[PDB]
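First, the structure itself, so that you have it in front of you.
Chain IDs A, B, C, D and E follow the sequence of writing; residue 1 opens each chain.
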Amino acid sequence: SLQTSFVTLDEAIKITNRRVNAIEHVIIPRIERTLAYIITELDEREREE
Amino acid sequence: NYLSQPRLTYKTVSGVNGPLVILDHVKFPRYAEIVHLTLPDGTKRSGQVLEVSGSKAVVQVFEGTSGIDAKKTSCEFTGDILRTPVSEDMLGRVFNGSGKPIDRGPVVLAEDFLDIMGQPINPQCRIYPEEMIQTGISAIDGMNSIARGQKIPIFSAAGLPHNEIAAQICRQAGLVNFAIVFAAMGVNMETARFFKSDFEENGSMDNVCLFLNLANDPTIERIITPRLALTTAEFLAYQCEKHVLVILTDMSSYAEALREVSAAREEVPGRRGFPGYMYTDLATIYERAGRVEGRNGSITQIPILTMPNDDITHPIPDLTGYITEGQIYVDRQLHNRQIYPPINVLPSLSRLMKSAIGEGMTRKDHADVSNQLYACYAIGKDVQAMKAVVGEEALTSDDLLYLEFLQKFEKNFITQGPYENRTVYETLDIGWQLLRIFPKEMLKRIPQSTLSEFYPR
Amino acid sequence: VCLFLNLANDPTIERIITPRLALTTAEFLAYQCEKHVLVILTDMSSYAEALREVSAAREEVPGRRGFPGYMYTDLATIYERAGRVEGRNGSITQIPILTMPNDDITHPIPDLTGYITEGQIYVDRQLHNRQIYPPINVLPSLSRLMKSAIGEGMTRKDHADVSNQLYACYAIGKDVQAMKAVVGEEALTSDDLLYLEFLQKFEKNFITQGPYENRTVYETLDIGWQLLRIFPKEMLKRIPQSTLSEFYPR
Amino acid sequence: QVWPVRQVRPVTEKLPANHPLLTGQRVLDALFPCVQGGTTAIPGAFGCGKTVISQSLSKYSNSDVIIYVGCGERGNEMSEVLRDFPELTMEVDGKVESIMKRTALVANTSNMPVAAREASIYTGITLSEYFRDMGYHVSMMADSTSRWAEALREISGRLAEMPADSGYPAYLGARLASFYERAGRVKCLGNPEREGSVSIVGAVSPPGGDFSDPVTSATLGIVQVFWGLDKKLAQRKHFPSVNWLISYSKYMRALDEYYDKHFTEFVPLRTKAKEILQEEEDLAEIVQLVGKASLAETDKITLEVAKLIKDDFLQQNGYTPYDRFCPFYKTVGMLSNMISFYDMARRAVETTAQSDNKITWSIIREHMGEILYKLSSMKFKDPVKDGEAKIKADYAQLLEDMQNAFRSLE
Amino acid sequence: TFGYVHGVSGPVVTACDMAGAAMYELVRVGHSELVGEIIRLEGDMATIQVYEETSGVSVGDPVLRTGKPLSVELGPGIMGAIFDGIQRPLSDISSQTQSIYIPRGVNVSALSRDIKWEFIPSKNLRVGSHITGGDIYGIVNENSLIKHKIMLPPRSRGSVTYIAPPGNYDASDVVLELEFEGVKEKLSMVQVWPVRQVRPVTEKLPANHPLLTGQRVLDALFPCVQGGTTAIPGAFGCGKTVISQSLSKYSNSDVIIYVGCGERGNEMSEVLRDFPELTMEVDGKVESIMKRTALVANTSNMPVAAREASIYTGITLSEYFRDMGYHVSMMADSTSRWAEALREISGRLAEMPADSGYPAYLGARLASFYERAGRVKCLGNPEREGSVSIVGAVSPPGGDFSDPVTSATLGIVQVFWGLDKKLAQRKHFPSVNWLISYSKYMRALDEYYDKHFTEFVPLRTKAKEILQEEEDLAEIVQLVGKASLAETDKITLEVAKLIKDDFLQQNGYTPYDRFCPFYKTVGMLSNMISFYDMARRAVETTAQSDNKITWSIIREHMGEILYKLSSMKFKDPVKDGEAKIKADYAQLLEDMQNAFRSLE
């Protein structure tokens, strides 16, 4: 029982940490750079106006 | 012939707005002629006619408009464009922004007067620069090599050691006589002394001319500061066959003066509010470079610029990017790890390296080594980005070798002493002893002949 | 047929007349000569750019992106010139065509058009890259009059119900397709996998036509049911149980 | 004769375009073809390679003459052309000859007076239309229409006219439209019949490297071909840096008749190539969240042949003697071998995964590592040293080696 | 002579008969004498940006030209004064009006007339003597701590025609008369200077001496030089007062200036209430810091021009004190609120937005302001050096350094003392984040440290390395727990904690840490690092042995040394002599060496 738990946890923890790191180093960086770009291009429209 | 006709002087100031002073009743205004202004207290200033219309001349005042007056201000119109006295006697001397002397020496005796704007080098007479300069820096000479008469900037984030890198180039650069023009715009005094002192420490000072405009000098003088430097560089190179190197320091603090003038004139704004002519203005600086037929001179330009908010896509680096023969990048990701000089090879390129390398310039392998080093360094960054999400257990043995390559590469190939000079040959041998980390067949950028001559050693 | 051509190398300002001229021919043929007319306008963006060019030269106060502020009323005097009239048989259908600048549905040209036109048909880069011809993204596509054009005697009586169910299934399909990355294929339920199978089969069969296949409405609803048949009957929450009992067991 | 550069030189007819604008670059000529008489744009950030594509077309193409138009370009470019083009040679009728004899340069370097950028572009096309009327298949390198649009920005700014996006005049879209559409394949004016053509390739240079750029946004609405360059490929020194996801060519439907007549096998290969190269990106968005252990064997094979097609087909070092040019026979031979490996490897898995005796990508790699190395080696074949029959015979031996290896796995 | 109002639109007043005016010339507008600057000339017409509310200005009202651009009166009576950004004395505008408001249309002279001071003419001078700008022709004894050196204005020169004898004088008295080119100039103890013009110098020098704050983390790990340029992230949650108070109430800087850029009304009154209550020891007396400062305080509602001028008045006062041969130090409470005043004046001028809204010139105004710092050789003949140190606080939104004022400030300043809300929430005062913080003056202090503290550069280097290693090791502690680390790593972490908690941290309310001298600071760190090297020696020296040393054995057999190291902070520069403190620290070195010898 401890071993089946150990094996399942060692996969599930790796899966979870991989999703967390993908959020931290893929999804949040895309969002942050996208927000900074939007702020920039909104200010470009504001300067044209 | 000399301009013999006596100069006019006008009190007819009829408006003042931002850095502009608008004259009226002017007799045949000339676009771009220079005007000297005397303020009511007897202070002297200078300015360029920016527009003319019938009797009106719109003068931009270099030394700022504060104290200009609608009754007592006297404008001496010089009757010609901004010429500069030039001579080889300007080597081993130091000048303010507008080219006045500040080394306590006398006013320059003109061997001639030249137009500060220079002239468009005829594309037919221009010679394609190919003779390599070793800077001694492996990240340059190995993977980003500079030709004699290339223009190639050093981009940096703020506070990076880009001054020390430029100083090292002005300590180690030479071919496989030489003279330096240096200009700095909006530089702090804590850095002006560093540059001046470094040319003394290198013993180089007798062969260099420093044009200094500091951050508390007038901003509009920065527009002409690099143009004076280039005009002196043209005189030394094309008139006197000197192998000139031009250093332009913080083109960003120059570009901020363009943005200011643009906003003050109400010019059509491009990205981030630089004037629409920003690309052309940068070209009018950056194109005065390269060899010309019959002349042994060869103006090389190494502009330096602090990229705002570290953004490579910012208009200053980006427009410079379209004009220059590739670019050298300096990075916090290296500097925080103490990897001097913090030159990141990967984003860098040199457009002229293609013909500045291989037999007769450098060892036969060099072009192949450069490409394979980019391949392995880049794949190393890609597997590093993989490890940072999924861990080393997801990486193959080959992926861990690319990660090890990136680590061994930065610690040996890029890492170099601030006074260490490495030949191209030594840089290539470091390259190969790193490339030998992979099996011969994995080097997919390199031909089998080059592998047979250079892999096994 | 009657083609008014203005090529890209014909002068800008002629494009201002061109759509109004065509619509005047359409109103003559329809409202005075009883013709059913179809009016096709090939690129309202190259028209809007012509109003921008002259408006800029006039120093007029701009709307967004420097178009004249009157762009809405101007586009309305083009687009509203359509539809059947009292005592005539004649009728003008308009299908204007509109090059979305920078692929942006919210650009002022498509934006103001969407307010005036009775829906839109949206053609998508994503579907084109997937080789789905025609690339019609059915989700942002809308037709304000469609509910009045369908039902017994107009169509098979299922049409409205089948469309609403298929549309909601395609939307759930795009959601579970995003989930296949964000939470993984292994996190998809059997039902989400059926919405994913639906999404694939739907683009391959419902949308993909070929350049000459003149499918009837009846054949389209048969294909609609053949796709709805993927799910268990009880999943089809947008369709009334009478319509299911008549057309699901087929 | 003398001609107003702003007035189009007229023609008897503008015909459809239906003969490939043969170009030295594999990825261009295979996956996004230009056509004699067609327009093209090469939008790319700084240092992306657009100028080297522009050189490569001029140096090596089936264009009967080239007008190159250095509008606002860096001066060393003109020097490099004038250095290289008198020394590079084509051949006619058994006489080797300097390619400069088939070119002309319009130059206006970046520091030359801004206004002359407009006159330069109109000069380059008006010269092109002159040679088109002679029945030559002209090509014309509009070597930066964004630096042209910036000259229209400048004059508009001085005129105090109302700007559209990013300061550009509202008529920019109209000027660009009425320029690229001067291309075509034409029944010339006059009596002795000629089929000349102008093909126009515009090196758009988007400020900040972003295709939201108004010059790009207008240009893409006009041109029938988009070769969008990716700075991330140029950073990796992957060249020519063509992004195969965003690039497109509208001429494929016309050109398919030429490929049917001369290269009947090609349309299947081009399709499988584009699909594999899309499936790579579909897999990447999954792999980056879970790791490569999630992949099926079909997916590993997909990524591997995508890596072959990326690193050994699409990659091309155009200054080297072996990548200098690439004949269509070499190009299709390379792609045919790579896709033959894909289909055979995929078939081997699909044939055996129905059983415990399942073939895998690792089994294939360990049995066929030399075949992967041979497939990578295909790019090094040199048209100066190797005849078309010799290169084709080597490629036939790779097909046979693959078949005999897969026959030993199955 | 004077002009007349022609039109008004919001704060912008057009005038006529302004023919003899200059751009940026200062002007009084309206019967109430409202202040404003000319911002355009149009011939005999001029446009004045008025500062105060123009409501009730009338066409045909008088417009008196002031003979000067925007300017600071300099002289006696600065000390303890509170000014606003346009140099109006807020203490006197209070006491003279008996009103809680600044009345619209103040005309109070900035240095108060009729107040006599004791003036000593420089006894070396005679009639017919040659004199030049920056020559100290006399001293005013206005306060016991700060002998106010009078000096000839920088533009003035000539031969002395008369000098006042010793006595009591005020701003109305002609203290000096000199002649040049046959023309006499009369002069007073009051001098005037254009606020936007740098006061010139004989030579600006390389900065090479520490601005000792009496604060361990600052003075050791991130030393600011005298004359240095530095920034502080001034935000409520991180305790910006701790640095600014400590600088004033102890640091080695002869005179303090403090500029309220545009602070929140209450937070400004907090400062103006609190600073008079601070005292510093001089000559064994205790005295109020108001003897050594002047406050240029602007609340957010002070006129837009008074906010944007605030720092320029501050620096001009600071350069005047620099040219007396003092090591001046100047705070700016929020360069961000000054940058908003730039955005607003550029908005009213209808100038185009550059970065995020700010003017094109924001970077150049910041840079040409910060360059006014440094050590200098003064003008004139008594050859004195002086300096201005600039401590410019910044307030980045959410801490985001991409903010234009913050980004340009970090571009220009050579030191950043990155205060952090996390450290303040943990009460880790002074709460300076040592990972984010930096100083570019390390090289420049090598000469000083090589003379006075020759071991200290090694110690500082080791300290930063030890703390950085603990930050890396903490990732391993999270991954696999403290038990999994090597003995060298565990002792490094323990010592890094000791350095963090008992050297970086400092309780400025306690008698032992209210200030901390540099010799004390060096001795404390020297002991911690000497302990580290000997502890690490015993660990590494017993690699591969049968019995291996570990931090737990060190704590068991010599944890008294760890306790003593933590205790070294309690030593008191008042009750303990410098030699007694040094002897106790030397005794702890001997104690630890003998304790380490008991193990290895």
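Note that a contact is a pair of C-beta atoms (placed from the backbone, for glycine too) under 8 Å apart; a residue touches a chain by one contact, two chains touch by 3 or more.
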Nearest-to-centre chain - CA centroid comparison: B
Higher-contact pair (C-beta pairs counted), C-D versus A-E: C-D
Taking each chain's C-alpha mean as its centre, the one farthest from subunit B: C
Rounded Å distance, subunit B centre to subunit E centre (Cα mean): 35
Distance from the mean Cα position of subunit C to that of subunit B, given in whole angstrom: 54
Centre distance in Å when subunit C and subunit E are each reduced to the mean of their C-alpha atoms: 66
Junction residues of subunit A, two or more chains touched: 18-19, 22, 26, 44, 47-48
Multi-partner residues of subunit E (at least 2 other chains): 352-353, 402
Per-residue multi-chain contacts in subunit C, two or more chains: 66
Subunit C contact footprint on subunit D (complex, rising order): 8, 161-165, 169-171, 173-174, 177-178, 180-182, 211-212, 217, 221-222, 245, 278, 285-286, 289-290
Subunit D-facing residues of subunit C, complex: 7-9, 12, 45-46, 49-50, 52-53, 55-57, 59-60, 62, 65-66, 99, 101-102, 129, 180-182, 184-185
Touching residues (chain side subunit B, partner subunit D) in the complex: 120-121, 123-124, 126-129, 267-271, 276-277, 279-280, 283-284, 286-288, 290, 313-315, 318-319, 321-327, 346-347, 349, 351-352, 354, 371, 374-375, 378, 389-390, 394, 441, 444-445, 447-448
Footprint of subunit D on subunit A - complex, ascending: 15, 18-19, 22, 26, 41, 44, 48
For the subunit D and subunit A complex, residues of the former touching the latter: 163, 165-167, 212, 288-291
